[PDB]
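Undergrad: If you scroll down you'll find the structure; I have some questions about it.
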Amino acid sequence: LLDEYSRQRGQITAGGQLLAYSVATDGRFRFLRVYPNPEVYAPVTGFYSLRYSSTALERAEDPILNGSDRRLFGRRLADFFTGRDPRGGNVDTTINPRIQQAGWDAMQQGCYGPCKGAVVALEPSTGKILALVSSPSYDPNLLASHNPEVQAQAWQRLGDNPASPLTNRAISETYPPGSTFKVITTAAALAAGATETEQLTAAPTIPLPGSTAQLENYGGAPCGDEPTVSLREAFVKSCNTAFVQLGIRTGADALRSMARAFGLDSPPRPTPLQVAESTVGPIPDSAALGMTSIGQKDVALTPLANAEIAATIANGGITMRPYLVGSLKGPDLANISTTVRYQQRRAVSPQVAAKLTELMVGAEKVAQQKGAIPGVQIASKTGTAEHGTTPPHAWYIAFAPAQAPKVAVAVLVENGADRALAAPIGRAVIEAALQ
Ligand SMILES: *C(=O)[C@H]([C@@H](C)O)[C@H]1CC(SCCNC=N)=C(C(=O)O)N1
């Protein structure tokens with residue numbers, strides 16, 4: 001450890017701003033790692049610690065940041081030959097500081113006090129991760145201390161915190177998607193040949209086949225005041241029974257297949273950070289299928305996966321591979337690597353994506369309007385999700401402008417559902433993006 005602290009570790013950057021850098025000190029270990037906006041960027045930087053090693057981008061891009069990367073070998077030779085103090089390379093992220101800060105701020109004020117959860121912003125046409133927010137977060141300056149006791153105390157406080165602030169909730173945790181998963185049930189039906197004008201039950205209640213279990217609308221009220229409702233109408237008003245009926249009519253295999261087409265049960269590519277796998281679940285019976293259709297049973301998504309669903313629809317049906325690192329530099333600022341955007345797969349036809357967009361623009365209009373942006377059209381799906389064996393989660397997925405999208409977001413507020421919170425958070429992130 002002594003020698004690797006005698007060489008100046010390189011910088012983690014966002015928008016030409018520093019997220020992590022190293023300062024020359026009088027310490028036995030010469031360089032101290034500094035995080036100037038610590039809690040906000042901790043999901044992106046991770047920590048770099050004498051006692052506890054590294055996480056996130058400190059760990060992923062460790063060869064570049066410490067200067068040991070093969071691609072940096074010439075610079076290291078030239079410096080030693082010339083007498084120059086050596087320095088590691090730089091990692092330039094895809095994070096937009098304005099959007100990251102707006103996601104964080106909105107999370108710290110959006111639950112009459114701080115929310116627990118995650119915000120992800122994506123650029124639909126490129127796959128760039130524009131923001132990666134987790135709350136509560138922690139201060140990596142605490143683990144950068146050269147004092148063993150300060151590090152050990154911080155490590156212990158963090159690990160005993162029931163809110164688990166070390167966890168990057170945007171990419172490492174999976175949550176039931178609830179109402180947001182109607183986007184997938186809808187996509188599956190549209191692809192199988194159903195249309196927006198198709199008629200579905202408006203009944204307040206629906207039996208689940210092969211069980212005494214029963215599903216209901218919110219909170220026992222009929223979708224319309226008519227016998228049935230159109231698919232568009234049930235989508236925009238987020239009726240449950242209609243979708244239980246739609247999904248079972250569509251069948252398990254079509255639902256599974258659309259779920260995989262949208263990245264579920266599909267091993268995620270590193271960003272370079274590892275992303276937990278999302279799942280539609282086994283769907284072992286028809287009771288399960290009705291429950292899967294409205295985002296429950298065994299469906300579990302990372303906030304990132306849910307932002308990608310929105311980004312895929314925004315991008316005309318094509319999924320761009322999400323990435324966090326735009327380019328790697330050497331100590332001179334010479335380009336070592338530039339990331340090139342990659343089309344992962346087509347999930348749905350331009351037609352189905354267009355249809356889903358219309359429905360989502362309708363769902364946004366029906367929704368609570370706090371934080372709406374004048375002259376900007378937003379396509380969205382709000383929702384709640386039940387979990388465990390408890391207050392439901394609050395979700396918002398969206399993209400904007402709906403006509404030619406520049407940004408897609410997912411907002412998850414753990415336990416945030418009322419009986420509103422997620423959507424204004426989403427819209428502040430969008431607004432910051434479109435500035
Ligand atoms: C979706 O999962 C839920 C639940 C019944 O399963 C329903 C209830 C709500 S919450 C209302 C939030 N309004 C908006 N901004 C919705 C919905 O998102 O409309 N779906």
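How things are named: the first chain in the structure tokens is A, the next is B, and so on; residues count from 1 in each chain; ligands count from 1 in the order shown.
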Please list as a PyMOL selection string every residue within 12 Å of residue 71 (chain A), counting only C-alpha atoms and excluding residues in the same chain fewer than 2 positions away.

TA: chain A and resi 63-65+67-69+73-77+88-89+328-331+334-337

Undergrad: Near residue 182 (chain A), within 10 Å and counting only C-alpha atoms, which residues show up once chain neighbours fewer than 3 positions away are dropped, as a count of residues only?

TA: 22

Undergrad: Nearest residue to residue 38 (chain A) out of A:396, A:323, A:342, A:138, using only C-alpha atoms?

TA: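 Among the listed residues, A:138 lies closest to residue 38 (chain A).
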
Undergrad: Take CA of residue 51 (chain A) and CA of residue 275 (chain A) and report the distance between them in Å, one decimal.

TA: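 According to the coordinates, CA of residue 51 (chain A) and CA of residue 275 (chain A) are separated by 25.3 Å.
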
Undergrad: Do you know which residues are within 10 Å of ligand 1 using only C-alpha atoms and all ligand atoms? Can you write them as an MDAnalysis selection string?

TA: chainID A and resid 176:182 215:220 234:241 291 293:296 363:370 380:386 392:396 417:424

Undergrad: Among the residues of region 165-228 of chain A, find those DSSP assigns to strand (DSSP E or B) from the backbone and print them as a PDB file with N, CA and C atoms, in the first residue's frame.

TA:
```pdb
ATOM      1  N   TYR A 175     -36.695  -4.760  -7.482  1.00  0.00           N
ATOM      2  CA  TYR A 175     -37.981  -4.437  -6.847  1.00  0.00           C
ATOM      3  C   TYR A 175     -39.120  -4.872  -7.775  1.00  0.00           C
ATOM      4  N   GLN A 199     -61.718  -4.475 -26.241  1.00  0.00           N
ATOM      5  CA  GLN A 199     -62.537  -4.299 -25.031  1.00  0.00           C
ATOM      6  C   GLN A 199     -62.221  -5.280 -23.893  1.00  0.00           C
ATOM      7  N   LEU A 200     -61.969  -4.722 -22.705  1.00  0.00           N
ATOM      8  CA  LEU A 200     -61.545  -5.493 -21.534  1.00  0.00           C
ATOM      9  C   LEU A 200     -62.445  -5.179 -20.360  1.00  0.00           C
ATOM     10  N   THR A 201     -62.594  -6.134 -19.448  1.00  0.00           N
ATOM     11  CA  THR A 201     -63.460  -5.963 -18.273  1.00  0.00           C
ATOM     12  C   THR A 201     -63.143  -4.698 -17.468  1.00  0.00           C
ATOM     13  N   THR A 205     -63.388  -6.262  -9.478  1.00  0.00           N
ATOM     14  CA  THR A 205     -62.808  -7.481  -8.929  1.00  0.00           C
ATOM     15  C   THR A 205     -62.666  -8.517 -10.046  1.00  0.00           C
ATOM     16  N   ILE A 206     -61.697  -9.423  -9.896  1.00  0.00           N
ATOM     17  CA  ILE A 206     -61.532 -10.538 -10.832  1.00  0.00           C
ATOM     18  C   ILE A 206     -61.004 -11.779 -10.095  1.00  0.00           C
ATOM     19  N   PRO A 207     -61.628 -12.950 -10.336  1.00  0.00           N
ATOM     20  CA  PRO A 207     -61.109 -14.199  -9.767  1.00  0.00           C
ATOM     21  C   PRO A 207     -59.790 -14.616 -10.413  1.00  0.00           C
ATOM     22  N   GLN A 214     -57.871 -13.621  -5.172  1.00  0.00           N
ATOM     23  CA  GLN A 214     -58.672 -12.698  -5.964  1.00  0.00           C
ATOM     24  C   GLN A 214     -57.949 -11.362  -6.099  1.00  0.00           C
ATOM     25  N   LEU A 215     -58.051 -10.758  -7.278  1.00  0.00           N
ATOM     26  CA  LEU A 215     -57.448  -9.455  -7.538  1.00  0.00           C
ATOM     27  C   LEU A 215     -58.507  -8.371  -7.747  1.00  0.00           C
ATOM     28  N   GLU A 216     -58.150  -7.134  -7.415  1.00  0.00           N
ATOM     29  CA  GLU A 216     -59.093  -6.016  -7.439  1.00  0.00           C
ATOM     30  C   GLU A 216     -58.443  -4.740  -7.964  1.00  0.00           C
ATOM     31  N   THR A 228     -67.451  -2.655 -20.211  1.00  0.00           N
ATOM     32  CA  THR A 228     -66.031  -2.851 -20.495  1.00  0.00           C
ATOM     33  C   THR A 228     -65.321  -1.517 -20.747  1.00  0.00           C
TER      34      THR A 228
END
```

Undergrad: Name all residues at most 12 Å from residue 307 (chain A) (count only C-alpha atoms; drop same-chain ones fewer than 6 positions away) and give them as a CSV table (one decimal) with N, CA and C atoms, in the first residue's frame.

TA:
```csv
chain,number,residue,atom,x,y,z
A,118,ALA,N,-34.0,5.1,-5.6
A,118,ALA,CA,-33.1,5.3,-6.8
A,118,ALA,C,-33.7,6.1,-7.9
A,119,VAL,N,-32.8,6.9,-8.5
A,119,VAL,CA,-33.1,7.6,-9.8
A,119,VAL,C,-32.1,7.2,-10.9
A,120,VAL,N,-32.5,6.8,-12.0
A,120,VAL,CA,-31.7,6.6,-13.2
A,120,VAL,C,-32.1,7.4,-14.4
A,121,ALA,N,-31.2,8.2,-15.0
A,121,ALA,CA,-31.4,8.9,-16.3
A,121,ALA,C,-30.6,8.3,-17.4
A,122,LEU,N,-31.2,8.0,-18.5
A,122,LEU,CA,-30.5,7.4,-19.7
A,122,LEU,C,-30.7,8.3,-20.9
A,123,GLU,N,-29.8,8.2,-21.9
A,123,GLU,CA,-30.0,8.9,-23.2
A,123,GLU,C,-30.4,7.8,-24.2
A,124,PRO,N,-31.7,7.8,-24.6
A,124,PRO,CA,-32.2,6.6,-25.3
A,124,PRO,C,-31.5,6.2,-26.6
A,127,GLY,N,-27.4,5.1,-25.1
A,127,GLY,CA,-27.2,4.2,-24.0
A,127,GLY,C,-26.4,4.8,-22.8
A,128,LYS,N,-26.1,6.1,-22.9
A,128,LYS,CA,-25.3,6.8,-21.9
A,128,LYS,C,-26.1,6.9,-20.6
A,129,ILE,N,-25.5,6.6,-19.5
A,129,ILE,CA,-26.0,6.7,-18.1
A,129,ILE,C,-25.8,8.2,-17.7
A,130,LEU,N,-26.9,9.0,-17.7
A,130,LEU,CA,-26.8,10.4,-17.5
A,130,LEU,C,-26.8,10.8,-16.0
A,131,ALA,N,-27.4,9.9,-15.2
A,131,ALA,CA,-27.5,10.0,-13.8
A,131,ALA,C,-27.7,8.6,-13.2
A,132,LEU,N,-27.1,8.4,-12.1
A,132,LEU,CA,-27.1,7.1,-11.3
A,132,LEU,C,-27.2,7.4,-9.8
A,170,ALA,N,-29.9,1.6,-7.5
A,170,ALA,CA,-30.1,1.8,-8.9
A,170,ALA,C,-29.8,0.6,-9.8
A,171,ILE,N,-28.8,-0.2,-9.4
A,171,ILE,CA,-28.3,-1.3,-10.2
A,171,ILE,C,-28.1,-2.6,-9.4
A,177,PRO,N,-42.0,-4.2,-10.1
A,177,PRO,CA,-42.3,-3.1,-10.9
A,177,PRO,C,-43.8,-2.6,-10.8
A,180,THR,N,-46.0,-0.2,-13.5
A,180,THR,CA,-45.1,0.1,-14.6
A,180,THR,C,-45.0,-1.1,-15.6
A,181,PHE,N,-45.1,-2.3,-15.1
A,181,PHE,CA,-45.0,-3.5,-15.9
A,181,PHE,C,-46.2,-3.7,-16.8
A,262,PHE,N,-37.3,-7.3,-23.6
A,262,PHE,CA,-37.0,-6.0,-22.9
A,262,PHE,C,-36.0,-6.2,-21.8
A,263,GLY,N,-35.2,-7.3,-21.9
A,263,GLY,CA,-34.0,-7.4,-21.0
A,263,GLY,C,-34.2,-8.2,-19.7
A,301,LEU,N,-37.4,-6.0,-10.9
A,301,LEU,CA,-36.5,-5.2,-11.8
A,301,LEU,C,-35.6,-4.3,-11.0
A,313,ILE,N,-38.5,2.1,-25.7
A,313,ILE,CA,-39.7,2.6,-26.3
A,313,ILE,C,-39.4,4.0,-26.9
A,314,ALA,N,-38.7,4.8,-26.2
A,314,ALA,CA,-38.3,6.1,-26.6
A,314,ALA,C,-37.4,6.1,-27.9
A,319,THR,N,-33.1,-1.2,-28.1
A,319,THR,CA,-32.3,-1.1,-26.9
A,319,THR,C,-30.8,-0.7,-27.2
A,320,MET,N,-30.4,0.4,-26.7
A,320,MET,CA,-28.9,0.7,-26.7
A,320,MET,C,-28.3,0.2,-25.4
A,322,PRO,N,-26.6,0.1,-22.1
A,322,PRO,CA,-26.2,1.2,-21.1
A,322,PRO,C,-24.8,1.2,-20.8
A,380,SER,N,-45.1,8.7,-20.0
A,380,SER,CA,-44.8,8.1,-18.7
A,380,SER,C,-45.7,7.0,-18.3
A,381,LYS,N,-45.3,6.2,-17.3
A,381,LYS,CA,-46.1,5.3,-16.6
A,381,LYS,C,-45.7,5.4,-15.1
A,395,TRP,N,-43.2,4.0,-8.1
A,395,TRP,CA,-42.4,4.1,-9.4
A,395,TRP,C,-42.9,5.2,-10.3
A,396,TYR,N,-42.0,5.7,-11.1
A,396,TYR,CA,-42.3,6.5,-12.3
A,396,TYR,C,-41.2,6.2,-13.3
A,397,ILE,N,-41.7,5.8,-14.5
A,397,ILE,CA,-40.8,5.7,-15.7
A,397,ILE,C,-41.3,6.6,-16.8
A,398,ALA,N,-40.3,7.3,-17.4
A,398,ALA,CA,-40.7,8.3,-18.4
A,398,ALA,C,-39.7,8.6,-19.4
A,399,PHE,N,-40.1,9.2,-20.5
A,399,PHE,CA,-39.2,9.8,-21.5
A,399,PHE,C,-39.7,11.1,-22.1
A,407,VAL,N,-34.1,12.1,-23.2
A,407,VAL,CA,-33.8,11.5,-21.9
A,407,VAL,C,-35.0,10.5,-21.6
A,408,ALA,N,-34.6,9.4,-20.9
A,408,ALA,CA,-35.5,8.5,-20.2
A,408,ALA,C,-35.1,8.4,-18.8
A,409,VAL,N,-36.1,8.3,-17.9
A,409,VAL,CA,-35.8,8.2,-16.4
A,409,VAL,C,-36.6,7.0,-15.8
A,410,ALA,N,-36.1,6.5,-14.7
A,410,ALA,CA,-36.8,5.7,-13.8
A,410,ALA,C,-36.7,6.2,-12.4
A,411,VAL,N,-37.8,6.4,-11.7
A,411,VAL,CA,-37.8,6.9,-10.3
A,411,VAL,C,-38.4,5.8,-9.4
A,412,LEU,N,-37.6,5.3,-8.4
A,412,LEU,CA,-38.2,4.4,-7.5
A,412,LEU,C,-38.1,5.0,-6.1
A,426,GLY,N,-39.3,12.4,-11.0
A,426,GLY,CA,-39.0,12.1,-12.4
A,426,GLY,C,-38.9,13.4,-13.2
```

Undergrad: Give me, please, the distance in Å between CA of residue 103 (chain A) and CA of residue 428 (chain A), quoted to one decimal.

TA: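 CA of residue 428 (chain A) lies 7.2 Å from CA of residue 103 (chain A).
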
Undergrad: Between CA of residue 113 (chain A) and CA of residue 376 (chain A), what is the distance in Å, rounded to a tenth?

TA: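 Result for CA of residue 113 (chain A) versus CA of residue 376 (chain A): 28.1 Å, one decimal.
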
Undergrad: Which is closest to residue 338 (chain A) among A:357, A:108, A:93, A:389, if we use only C-alpha atoms?

TA: A:93

Undergrad: Where in region 349-397 of chain A does DSSP assign alpha helix (DSSP H), given as a PyMOL selection string?

TA: chain A and resi 350-366

Undergrad: Would you mind telling me which residue in A:255, A:361, A:400, A:352 lies nearest to residue 311 (chain A) when using only C-alpha atoms?

TA: A:400

Undergrad: Counting only C-alpha atoms, which of A:259, A:379, A:242, A:12 gets nearest to residue 282 (chain A)?

TA: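 Among the listed residues, the smallest separation from residue 282 (chain A) belongs to A:259.
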
Undergrad: Residues within 6 Å of residue 30 (chain A), please, as a list in words. Count only C-alpha atoms; anything in the same chain fewer than 2 positions from it doesn't count.

TA: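 My reading of the contact set: residues 5, 6, 24, 25, 27 and 28 of chain A.
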
Undergrad: I need the chosen residues saved as a compact mmCIF listing (two decimals), in the first residue's frame, with N, CA and C atoms.

TA:
```
# COMPACT_ATOMS: atom_id res chain seq x y z
N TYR A 5 0.46 4.50 -2.88
CA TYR A 5 0.02 5.81 -2.40
C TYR A 5 1.07 6.91 -2.62
N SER A 6 2.26 6.51 -3.07
CA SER A 6 3.32 7.47 -3.41
C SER A 6 3.19 8.01 -4.85
N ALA A 24 -1.65 15.48 -2.78
CA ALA A 24 -0.32 15.27 -2.18
C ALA A 24 -0.27 15.79 -0.73
N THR A 25 0.06 14.93 0.22
CA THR A 25 0.08 15.32 1.65
C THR A 25 1.42 14.98 2.32
N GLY A 27 1.52 12.77 4.66
CA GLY A 27 1.27 11.47 5.24
C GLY A 27 2.31 10.45 4.81
N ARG A 28 2.52 9.45 5.67
CA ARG A 28 3.28 8.24 5.37
C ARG A 28 2.82 7.67 4.02
```

Undergrad: Considering only C-alpha atoms, return as a VMD selection string whatever protein or nucleic-acid residues lie within 12 Å of residue 32 (chain A), sequence-local ones (same chain, fewer than 5 positions apart) excluded.

TA: chain A and resid 2 4 to 10 20 to 27 47 to 50 140 to 147

Undergrad: Okay, now the selection with N, CA, C and O atoms, as a compact mmCIF listing (two decimals), in the first residue's frame?

TA:
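Contents of the output file again-v7.txt:
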```
# COMPACT_ATOMS: atom_id res chain seq x y z
N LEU A 2 2.01 1.21 0.67
CA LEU A 2 2.89 2.37 0.81
C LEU A 2 3.29 3.00 -0.53
O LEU A 2 3.19 4.23 -0.69
N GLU A 4 1.97 2.37 -3.74
CA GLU A 4 0.83 2.78 -4.59
C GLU A 4 0.18 4.09 -4.12
O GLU A 4 -0.55 4.73 -4.88
N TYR A 5 0.46 4.50 -2.88
CA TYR A 5 0.02 5.81 -2.40
C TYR A 5 1.07 6.91 -2.62
O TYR A 5 0.79 8.09 -2.42
N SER A 6 2.26 6.51 -3.07
CA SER A 6 3.32 7.47 -3.41
C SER A 6 3.19 8.01 -4.85
O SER A 6 3.92 8.95 -5.23
N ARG A 7 2.30 7.41 -5.64
CA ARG A 7 2.01 7.88 -7.00
C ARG A 7 0.59 8.43 -7.05
O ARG A 7 -0.34 7.82 -6.52
N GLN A 8 0.42 9.58 -7.70
CA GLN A 8 -0.86 10.26 -7.76
C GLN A 8 -1.91 9.55 -8.61
O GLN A 8 -1.89 9.61 -9.85
N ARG A 9 -2.84 8.88 -7.93
CA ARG A 9 -3.99 8.26 -8.58
C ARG A 9 -4.71 9.29 -9.45
O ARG A 9 -4.75 10.47 -9.11
N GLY A 10 -5.23 8.86 -10.60
CA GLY A 10 -5.92 9.77 -11.51
C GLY A 10 -7.35 10.13 -11.10
O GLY A 10 -7.84 9.69 -10.06
N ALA A 20 -13.71 12.45 -8.17
CA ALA A 20 -12.69 11.86 -7.32
C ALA A 20 -11.32 12.28 -7.83
O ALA A 20 -11.09 12.33 -9.03
N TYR A 21 -10.44 12.65 -6.90
CA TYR A 21 -9.05 13.01 -7.20
C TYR A 21 -8.18 12.80 -5.96
O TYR A 21 -8.69 12.51 -4.87
N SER A 22 -6.87 12.92 -6.14
CA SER A 22 -5.91 12.65 -5.08
C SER A 22 -5.06 13.87 -4.80
O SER A 22 -4.69 14.60 -5.73
N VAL A 23 -4.80 14.11 -3.52
CA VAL A 23 -4.04 15.28 -3.08
C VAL A 23 -2.75 14.81 -2.44
O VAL A 23 -2.76 13.84 -1.68
N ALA A 24 -1.65 15.48 -2.78
CA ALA A 24 -0.32 15.27 -2.18
C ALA A 24 -0.27 15.79 -0.73
O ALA A 24 -0.56 16.97 -0.50
N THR A 25 0.06 14.93 0.22
CA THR A 25 0.08 15.32 1.65
C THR A 25 1.42 14.98 2.32
O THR A 25 2.32 14.45 1.65
N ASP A 26 1.55 15.28 3.62
CA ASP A 26 2.72 14.90 4.42
C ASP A 26 2.53 13.53 5.08
O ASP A 26 3.28 13.18 5.97
N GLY A 27 1.52 12.77 4.66
CA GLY A 27 1.27 11.47 5.24
C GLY A 27 2.31 10.45 4.81
O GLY A 27 2.92 10.58 3.75
N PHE A 47 -15.72 3.87 -3.28
CA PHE A 47 -14.68 4.34 -2.39
C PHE A 47 -13.33 3.71 -2.73
O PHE A 47 -13.26 2.68 -3.40
N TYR A 48 -12.28 4.36 -2.23
CA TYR A 48 -10.92 3.89 -2.38
C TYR A 48 -10.26 3.96 -1.00
O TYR A 48 -9.95 5.04 -0.52
N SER A 49 -10.09 2.80 -0.37
CA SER A 49 -9.74 2.75 1.06
C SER A 49 -8.52 1.88 1.32
O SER A 49 -8.43 0.78 0.79
N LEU A 50 -7.63 2.38 2.16
CA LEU A 50 -6.45 1.64 2.64
C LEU A 50 -6.84 0.33 3.30
O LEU A 50 -6.20 -0.67 3.08
N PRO A 140 -17.68 8.75 0.84
CA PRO A 140 -16.44 7.98 0.69
C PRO A 140 -15.17 8.64 1.29
O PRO A 140 -14.17 7.96 1.41
N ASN A 141 -15.23 9.93 1.62
CA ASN A 141 -14.13 10.60 2.35
C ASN A 141 -13.84 9.94 3.70
O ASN A 141 -12.69 9.87 4.13
N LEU A 142 -14.89 9.45 4.34
CA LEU A 142 -14.77 8.64 5.55
C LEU A 142 -13.89 7.39 5.38
O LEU A 142 -13.13 7.03 6.28
N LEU A 143 -13.97 6.73 4.22
CA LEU A 143 -13.17 5.52 4.03
C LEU A 143 -11.81 5.80 3.38
O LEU A 143 -10.96 4.92 3.35
N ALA A 144 -11.63 7.02 2.89
CA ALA A 144 -10.36 7.48 2.34
C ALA A 144 -9.36 7.94 3.42
O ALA A 144 -8.18 8.22 3.11
N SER A 145 -9.82 8.01 4.67
CA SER A 145 -8.97 8.43 5.79
C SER A 145 -7.76 7.50 5.95
O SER A 145 -7.87 6.29 5.78
N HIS A 146 -6.61 8.07 6.30
CA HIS A 146 -5.41 7.26 6.50
C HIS A 146 -5.32 6.72 7.92
O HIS A 146 -4.43 5.92 8.23
N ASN A 147 -6.27 7.15 8.76
CA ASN A 147 -6.43 6.71 10.14
C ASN A 147 -7.22 5.41 10.20
O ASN A 147 -8.40 5.39 9.86
```

Undergrad: Restricting the calculation to only C-alpha atoms, which member of A:17, A:268, A:280, A:40 is positioned closest to residue 100 (chain A)?

TA: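 Comparing A:17, A:268, A:280, A:40 against residue 100 (chain A), the winner is A:40.
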
Undergrad: I need the residue nearest residue 196 (chain A) from this list: A:340, A:230, A:302, A:134. Use only C-alpha atoms for the distance.

TA: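 Smallest distance to residue 196 (chain A) is found for A:230.
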